[PDB]
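Colleague: Below you will find the structure I want to go over with you.
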Amino acid sequence: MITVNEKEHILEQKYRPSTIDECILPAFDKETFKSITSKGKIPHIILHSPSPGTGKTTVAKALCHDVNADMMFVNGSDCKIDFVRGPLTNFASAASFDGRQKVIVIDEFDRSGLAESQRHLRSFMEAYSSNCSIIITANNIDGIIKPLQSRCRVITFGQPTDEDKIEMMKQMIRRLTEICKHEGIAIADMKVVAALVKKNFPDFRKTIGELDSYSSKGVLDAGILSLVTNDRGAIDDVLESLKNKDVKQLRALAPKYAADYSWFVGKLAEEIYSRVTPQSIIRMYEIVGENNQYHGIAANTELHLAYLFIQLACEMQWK
Amino acid sequence: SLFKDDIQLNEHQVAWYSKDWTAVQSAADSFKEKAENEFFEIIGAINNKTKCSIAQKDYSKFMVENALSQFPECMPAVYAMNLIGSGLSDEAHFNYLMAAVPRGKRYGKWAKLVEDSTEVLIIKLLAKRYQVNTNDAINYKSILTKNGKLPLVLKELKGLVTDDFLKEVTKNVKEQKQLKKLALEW
Amino acid sequence: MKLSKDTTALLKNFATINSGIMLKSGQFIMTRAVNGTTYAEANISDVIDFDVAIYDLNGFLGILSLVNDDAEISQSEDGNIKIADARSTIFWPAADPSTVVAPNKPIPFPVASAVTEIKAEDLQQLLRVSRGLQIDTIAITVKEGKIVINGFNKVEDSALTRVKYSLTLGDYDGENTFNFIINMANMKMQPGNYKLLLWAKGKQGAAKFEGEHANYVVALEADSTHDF
Amino acid sequence: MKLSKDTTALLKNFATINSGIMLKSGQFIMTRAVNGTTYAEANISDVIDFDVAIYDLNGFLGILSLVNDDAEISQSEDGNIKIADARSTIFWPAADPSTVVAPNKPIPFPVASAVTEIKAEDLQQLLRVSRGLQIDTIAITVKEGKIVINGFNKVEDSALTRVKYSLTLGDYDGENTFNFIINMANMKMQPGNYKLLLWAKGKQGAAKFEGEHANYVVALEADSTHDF
Amino acid sequence: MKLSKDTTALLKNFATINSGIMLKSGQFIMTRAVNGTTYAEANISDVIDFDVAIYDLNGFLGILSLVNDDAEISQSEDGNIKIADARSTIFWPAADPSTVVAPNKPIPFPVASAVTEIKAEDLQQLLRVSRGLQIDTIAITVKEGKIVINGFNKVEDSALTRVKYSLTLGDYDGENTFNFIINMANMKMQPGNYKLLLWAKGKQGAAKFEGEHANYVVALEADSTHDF
DNA sequence: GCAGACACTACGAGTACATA
DNA sequence: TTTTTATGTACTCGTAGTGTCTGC
Ligand SMILES: [Mg+2]
């Protein structure tokens with residue numbers, strides 16, 4: 001069932017889906033794409049994530065493949081005004097001689113300095129709408145000028161329903177399993193495959209890219225599961241010593257993370273937010289924020305970190 | 001206008017097929033339509049206590065702080081992220097505000113002052129000729145009405161109104177009503 | 001179906017009324033301004049032996065300068081244009097008819113409401129003259145019996161009353177004084193001697209210059225008042 | 001009063017030295033920078049017929065390329081100005097002298113410690129070497145009996161040590177030693193033959209460039225060094 | 001040592017390959033691009049008498065037009081480059097070799113997989129057309145017992161699907177079959193007749209042009225295909 | 001030979017991000 | 001339902017102006 005490109009080793013690009021069905025998508029989304037390929041003609045479309053690797057630029061090529069379009073594929077950042085005047089006007093005006101929908105795929109078109117090109121395109125789209133249609137791919141919509149969103153069906157990715165997420169995940173697990181059969185990767189514990197999917201959910205590219213790096217040993221066993229669910233750096237020793245309100249331990253961990261402070265302080269905010277009660281949140285930002293703020297006035301940085309710990313130990317009421 | 005049968009080719013089709021780009025351009029310029037933002041669904045969530053979670057959308061510590069800066073119920077919380085918030089994650093600065101500023105509502109109008117565009121040009125002028133910063137310059141104008149007759153001095157300085165200087169005062173053809181205005185009644 | 005110094009020359013010109021063009025089979029060729037204002041027909045030596053539309057003429061012709069004069073042009077296998085040279089070959093794109101404005105049919109000129117003529121240097125003189133002093137519009141009309149042209153600058157002479165150049169053509173047998181106006185960028189015809197037929201039936205009128213190579217027809221301007 | 005093709009060009013040129021200018025009646029113009037670094041005088045053949053101050057020069061010479069060349073630039077009926085044209089009339093502001101830095105000092109270059117000439121085509125070569133060989137200071141001095149120029153690079157070569165450029169200007173006969181350094185930035189003349197008169201006693205001093213279309217005088221940088 | 005027009009026209013070429021260059025004593029000079037894609041070797045008129053590294057080639061060559069066509073050159077006491085003129089004199093920063101990506105020596109070319117030749121008359125027409133035809137890459141394969149060359153538009157094309165151009169080079173004596181694609185961009189050779197040396201040991205593969213002046217090597221494209 | 005036309009530069013517009 | 005601080009620094013785009021060089 002699975003398309004393999006075989007000119008690539010890089011493996012998240014080896015398994016890039018050929019057709020709209022091979023693609024793992026939300027139900028309504030897949031159905032709307034089937035609907036489109038059915039009518040045989042392709043409208044102007046925008047696909048956007050903003051979460052990378054949800055399949056935007058893959059489904060772009062697939063849509064073309066299904067309707068058998070004559071398709072020019074173009075790097076967004078390469079598509080400046082002189083390109084549209086030049087190469088694209090040529091293609092859009094020329095007649096495909098098998099009677100194929102002509103389609104211009106502009107990938108990752110959300111760059112800011114192309115707004116001039118995008119406006120120039122708004123007039124173009126109406127002039128050449130009879131021949132050929134445009135499929136834009138973007139990570140961030142606001143980088144697509146409003147009159148281009150007016151002219152398009154804007155389809156929005158990787159923001160599935162609670163049910164879609166549950167189905168999509170099953171579908172992705174089935175797929176990974178199938179990729180493993182093909183690749184010679186032994187699955188000892190299915191739990192690790194369900195874990196890789198869940199871990200990186202919206203992003204299907206990283207979820208496959210992961211599989212490559214945990215396959216060093218050709219097998220996925222309970223031992224790999226520890227590294228997949230496990231946290232390689234973490235904060236745990238501090239978070240725990242904080243809850244326990246002990247000090248000698250906090251006093252000792254200070255020098256450890258004083259090393260790079262701006263990063264540590266960041267994690268601590270991110271990680272404590274989840275682990276503490278609602279008005280402890282508001283207190284924790286005032287405490288961490290103030291501490292971060294004077295860092296770099298404070299002369300002994302290791303001490304300044306100890307001071308932060310003592311402060312949070314006392315005032316944090318833990319859920 | 002010969003031929004006398006043309007299903008009118010739209011403004012665009014003519015621009016392009018004929019390939020004069022200057023007409024294609026003004027056809028481009030047609031939709032420039034500049035507006036954007038949706039920062040008020042972020043303010044709204046901090047207020048109404050709905051859920052956004054940020055991350056995905058662009059965030060402005062300046063824009064969120066200023067918006068809330070309106071209603072005194074908030075100032076305590078904004079005051080906070082103002083002293084302390086410099087140096088917090090946008091993710092954080094947001095999470096905080098969620099858990100501090102409590103009620104919810106606000107209606108729109110910010111407070112912006114009323115500029116007498118003329119009075120500003122006049123102070124901006126005085127501070128130029130006199131190499132003083134703006135507060136003395138205001139003193140000078142108060143003084144310079146009540147004797148020494150502001151027309152005497154505005155007449156000397158009408159000299160430098162250089163239209164680079166006007167761009168510093170207002171932003172529109174209001175700016176050209178001013179070139180003329182102190183070139184006149186002194 | 002090779003092409004000669006003669007036939008390419010006239011084509012670089014049609015390329016200036018309209019960038020692309022549609023040519024059919026004959027010793028016949030013709031174009032038009034996408035917007036209407038202008039037109040041009042011609043017959044020529046070499047013989048068009050197939051139907052094809054072009055997008056980038058000025059370009060297409062440049063490409064021809066690079067092969068052997070004895071280069072035979074054909075309709076290529078798929079249906080684009082094969083330009084077979086000596087020891088090489090070029091394939092230029094046949095363009096989609098529906099993206100090139102060519103004349104519906106070879107618009108047939110009515111009978112002359114008026115008749116007169118023009119001289120090559122006179123046309124050379126005029127063309128040369130206008131832009132220099134900023135002129136960008138003109139007007140043919142009866143003056144002291146004969147017919148003359150009066151060049152204006154409609155940018156700095158809005159309502160058309162400060163002539164800035166003039167040329168006499170030949171007197172006027174018939175009898176009424178009319179006033180015909182044309183934009184200046186609309187004067188694409190190549191210098192040489194042209195017989196000048198003029199015409200009118202409503203706020204609509206025309207003007208078909210006849211050369212010894214090809215014919216050009218130019219619309220009028222909205223505020224021209226015939227005397228019929 | 002009317003301003004010629006050659007006068008206006010010493011006006012775009014005096015703008016590179018002062019935003020504003022004050023020329024008065026006569027056939028003499030002169031200006032020098034708000035930072036007293038740079039003095040430029042020029043005798044024109046259009047006779048200025050009154051006393052005027054402009055906050056901006058390079059702004060004015062703009063509303064002047066448009067108007068035709070009659071340009072009876074007279075004085076407005078309310079203290080401002082009137083540019084009379086073949087067929088229009090324009091009004092530029094006119095600044096209270098308290099808003100323009102004007103030289104006021106047609107002080108006369110004392111006497112030359114040493115004199116020498118430079119050929120215009122050889123200003124050429126230096127104004128251009130320095131551009132892409134990256135020079136930003138030079139030093140005029142005596143090598144092997146003639147008076148040379150050295151270009152350097154104040155930034156890369158912090159103390160004028162490695163010479164990126166030399167130029168030979170015809171021998172010195174007087175018996176003195178000197179090293180006059182000028183910051184290329186503060187050098188702004190349109191090319192041409194130039195008499196070079198350089199004066200200094202002890203530590204105070206300057207260099208005077210005599211040219212057939214203007215005169216130029218600038219200040220030795222901090223460290224210049226001599227024995228006059 | 002001096003250099004003539006002919007020499008430099010070369011180095012202005014070798015500049016477009018590597019903006020720097022290292023060169024030593026002899027009548028041989030060479031450069032290969034930083035990124036490992038092309039390379040040229042040269043026997044020349046003028047004679048090199050000392051080793052030296054030039055960081056900014058494209059502009060040194062420039063400085064050189066700024067004095068007479070004869071000025072002599074050498075290694076300064078200052079271990080830099082001295083361009084000395086009749087009247088003036090320049091001193092061009094000789095750079096540290098560390099930083100000028102040059103080739104240690106000269107690597108022989110694999111006795112060629114395939115041989116043929118190309119007229120310079122012919123190759124001018126390829127470049128000439130390529131502008132005209134937006135030909136960005138080419139492929140040299142075997143069509144019916146003869147060696148052809150095909151220009152494409154990798155941009156609009158993508159898969160090199162349709163041929164926009166096709167010179168016809170030599171004939172093919174041997175009995176392999178291949179398709180060597182070449183990035184037009186990578187083709188930096190002063191025009192003149194060449195012998196062509198192709199090579200491939202499977203995934204390995206390159207292309208050598210053998211001039212009268214210098215030899216050039218360019219890398220095939222990623223899926224140049226063949227049975228060698 | 002000079003135009004034409006090419007290749008290069010300078011500038012202004014819009015975006016951005018770290019500081020206060 | 002509302003709408004952008006001031007200073008300094010960096011980068012991309014389009015275009016217009018600028019200059020050196022070659023084919024019919
Ligand atoms: Mg993508």
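Ordering of the structure tokens sets the chain letters (A, B, ...); residue numbers start at 1 within each chain; ligands are numbered from 1 in the order shown.
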Taking 2 positions as the minimum chain separation for residues in the same chain, which residues sit within 7 Å of residue A:74 when counting only C-alpha atoms (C1' of nucleotides)? Answer as a list in words.
Modeller: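 Contacts, in chain order: residues 72, 76, 105, 106 and 107 of chain A.
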Colleague: How about saving the chosen residues, N, CA and C atoms kept, as a PDB file, in the first residue's frame?
Modeller:
```
ATOM      1  N   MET A  72       3.510  22.662 -11.967  1.00  0.00           N
ATOM      2  CA  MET A  72       4.783  23.290 -11.647  1.00  0.00           C
ATOM      3  C   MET A  72       4.905  23.455 -10.127  1.00  0.00           C
ATOM      4  N   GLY A  76       8.269  28.766  -2.386  1.00  0.00           N
ATOM      5  CA  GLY A  76       7.674  30.060  -2.103  1.00  0.00           C
ATOM      6  C   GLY A  76       8.678  31.200  -2.125  1.00  0.00           C
ATOM      7  N   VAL A 105       1.936  24.842  -7.711  1.00  0.00           N
ATOM      8  CA  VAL A 105       2.082  24.627  -6.275  1.00  0.00           C
ATOM      9  C   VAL A 105       3.156  25.562  -5.714  1.00  0.00           C
ATOM     10  N   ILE A 106       2.755  26.510  -4.876  1.00  0.00           N
ATOM     11  CA  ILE A 106       3.742  27.381  -4.283  1.00  0.00           C
ATOM     12  C   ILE A 106       3.892  26.963  -2.834  1.00  0.00           C
ATOM     13  N   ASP A 107       5.027  26.362  -2.518  1.00  0.00           N
ATOM     14  CA  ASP A 107       5.237  25.771  -1.212  1.00  0.00           C
ATOM     15  C   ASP A 107       5.821  26.812  -0.266  1.00  0.00           C
TER      16      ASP A 107
END
```
Colleague: Would you please extract all helix (DSSP H, G or I) residues from stretch 189-311 of chain A, as assigned by DSSP on the backbone, and give them as a PyMOL selection string?
Modeller: chain A and resi 190-199+204-213+222-229+236-243+248-258+261-275+278-294+301-311
Colleague: What does the structure give for the distance between atom CA of residue E:116 and atom CA of residue E:204, in Å to one decimal?
Modeller: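 Distance between the two atoms: 19.9 Å.
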Colleague: Counting only C-alpha atoms, which residue out of E:18, E:99, E:27, E:153 sits closest to chain A?
Modeller: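 That would be E:153, the residue with the smallest distance to chain A.
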Colleague: I need the chain B residues near chain G as a ChimeraX atom specification; criterion: at most 7 Å, counting only C-alpha atoms (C1' of nucleotides).
Modeller: /B:63,107-110
Colleague: Atoms to include: C-alpha atoms. Write the selected residues as a compact mmCIF listing (two decimals), in the first residue's frame.
Modeller:
```txt
# COMPACT_ATOMS: atom_id res chain seq x y z
CA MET B 63 0.06 45.28 22.78
CA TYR B 107 -15.21 48.01 25.78
CA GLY B 108 -13.08 49.49 23.09
CA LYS B 109 -11.95 53.06 23.08
CA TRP B 110 -8.37 53.57 24.18
```
Colleague: Within 7 Å of ligand 1, which residues show up when you count only C-alpha atoms (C1' of nucleotides) and all ligand atoms? List them as a ChimeraX atom specification, please.
Modeller: /A:53,56-57,107-108
Colleague: Find the nearest atom pair between each residue of chain A and chain B for residues within 10 Å, count only C-alpha atoms, give distances in Å to one decimal, sort rows by chain and ascending number, and present the table as CSV.
Modeller:
```
residue,atom,partner,partner_atom,distance
A:49,CA,B:56,CA,9.7
A:50,CA,B:56,CA,6.9
A:51,CA,B:56,CA,8.1
A:85,CA,B:21,CA,8.6
A:89,CA,B:16,CA,8.7
A:93,CA,B:17,CA,9.1
A:115,CA,B:32,CA,9.5
A:116,CA,B:28,CA,8.6
A:117,CA,B:28,CA,9.1
A:118,CA,B:28,CA,8.9
A:119,CA,B:28,CA,5.4
A:120,CA,B:28,CA,4.7
A:121,CA,B:28,CA,7.6
A:122,CA,B:28,CA,6.9
A:123,CA,B:12,CA,5.5
A:124,CA,B:12,CA,7.0
A:125,CA,B:12,CA,9.2
A:126,CA,B:12,CA,7.3
A:127,CA,B:13,CA,4.8
A:128,CA,B:13,CA,8.0
A:140,CA,B:57,CA,8.7
A:141,CA,B:57,CA,10.0
A:142,CA,B:36,CA,7.7
A:145,CA,B:32,CA,8.6
A:146,CA,B:33,CA,8.0
A:147,CA,B:31,CA,6.8
A:148,CA,B:31,CA,9.8
A:262,CA,B:87,CA,9.4
A:265,CA,B:88,CA,9.5
A:266,CA,B:89,CA,7.4
A:269,CA,B:92,CA,7.4
A:270,CA,B:92,CA,7.7
A:273,CA,B:95,CA,8.5
A:278,CA,B:99,CA,6.8
A:279,CA,B:99,CA,6.8
A:280,CA,B:99,CA,9.2
A:281,CA,B:96,CA,7.0
A:282,CA,B:96,CA,5.5
A:283,CA,B:96,CA,8.8
A:284,CA,B:96,CA,8.9
A:285,CA,B:96,CA,6.5
A:286,CA,B:84,CA,6.9
A:287,CA,B:84,CA,9.0
A:288,CA,B:88,CA,8.7
A:289,CA,B:84,CA,5.3
A:290,CA,B:84,CA,5.2
A:291,CA,B:84,CA,8.7
A:292,CA,B:87,CA,7.0
A:293,CA,B:87,CA,6.4
A:294,CA,B:84,CA,9.3
```
Colleague: Show me, as a ChimeraX atom specification, the residues that have an atom within 7 Å of stretch 28-39 of chain A when counting only C-alpha atoms (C1' of nucleotides), minus same-chain residues fewer than 4 positions from it.
Modeller: /A:63,66-67
Colleague: Store the residues of this selection in a file with C-alpha atoms, as a PDB file, in the first residue's frame.
Modeller:
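Below is the file that was written, result-v5.pdb:
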```
ATOM      1  CA  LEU A  63      -4.065  16.387  -5.099  1.00  0.00           C
ATOM      2  CA  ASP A  66      -5.051  12.272  -8.332  1.00  0.00           C
ATOM      3  CA  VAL A  67      -6.510  14.705 -10.896  1.00  0.00           C
TER       4      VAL A  67
END
```
Colleague: Give me, as JSON, numbers by chain, all polymer residues having an atom no more than 12 Å from residue A:193, counting only C-alpha atoms (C1' of nucleotides) and skipping those fewer than 2 positions away in the same chain.
Modeller: {"A": [169, 170, 171, 172, 173, 174, 175, 176, 177, 178, 179, 180, 185, 186, 187, 188, 189, 190, 191, 195, 196, 197, 198, 199, 200, 207, 208, 210, 211, 214, 215, 219, 220, 221, 222, 224, 225, 228, 229]}
Colleague: At a cut-off of 8 Å, list the chain B residues touching chain D, using only C-alpha atoms, as a list in words.
Modeller: residues 129, 155, 156, 157, 158, 159, 160 and 162 of chain B
Colleague: For the interface of chain A with chain F (cut-off 12 Å, counting only C-alpha atoms (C1' of nucleotides)), please tabulate each contacting residue of chain A alongside its nearest pair of atoms and their separation in Å to one decimal, rows sorted by chain and increasing number, as CSV.
Modeller:
```
residue,atom,partner,partner_atom,distance
A:111,CA,F:15,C1',10.1
A:112,CA,F:15,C1',6.8
A:113,CA,F:15,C1',7.6
A:114,CA,F:14,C1',10.5
A:115,CA,F:14,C1',9.4
A:116,CA,F:14,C1',10.1
A:143,CA,F:15,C1',11.2
```
Colleague: Would you pick out the contacts of residue B:141 at 8 Å or less, using only C-alpha atoms (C1' of nucleotides), so that residues sharing its chain but fewer than 5 positions from it are not included, and give the list as a list in words?
Modeller: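 Counting only the stated atoms, we get residues 122, 123, 126 and 150 of chain B.
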Colleague: Could you write out that same residue set with C-alpha atoms as a JSON list (two decimals), in the first residue's frame?
Modeller:
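Wrote it out as out-v8.json, contents follow:
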```
[["chain", "number", "residue", "atom", "x", "y", "z"],
["B", 122, "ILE", "CA", 5.23, 75.28, 16.99],
["B", 123, "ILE", "CA", 6.91, 73.60, 19.94],
["B", 126, "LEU", "CA", 11.01, 76.33, 18.99],
["B", 150, "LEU", "CA", 4.76, 84.98, 18.71]]
```
Colleague: Which of stretch 2-228 of chain D counts as strand (DSSP E or B) under DSSP, as a ChimeraX atom specification please?
Modeller: /D:21-23,26,29-32,38-42,48,52-54,72-75,81-84,89-90,114-118,137-143,146-152,165-171,178-183,194-201,204-211,215-218,225-226
Colleague: As an exercise, work out the distance from atom CA of residue A:79 to atom CA of residue A:153 in Å and give it to one decimal place.
Modeller: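 Taking atom CA of residue A:79 as the start and atom CA of residue A:153 as the end point, the length is 20.9 Å.
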Colleague: Fewer than 6 positions away in the same chain doesn't count, so skip those; otherwise give me all residues within 9 Å of residue E:120, counting only C-alpha atoms (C1' of nucleotides), as an MDAnalysis selection string.
Modeller: chainID E and resid 191:194
Colleague: Quote the spacing between atom CA of residue B:165 and atom CA of residue B:125 in Å to one decimal place.
Modeller: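 Distance between the two atoms: 9.0 Å.
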Colleague: Using only C-alpha atoms (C1' of nucleotides), which residues sit within 12 Å of residue C:169 once same-chain residues fewer than 6 positions away are excluded, as a VMD selection string?
Modeller: chain C and resid 115 to 123 140 to 143 145 to 150 193 to 196
Colleague: Which one of A:300, A:77, A:18, A:311 sits closest to chain G if you count only C-alpha atoms (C1' of nucleotides)?
Modeller: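 Looking at the shortest contact to chain G, the residue is A:77.
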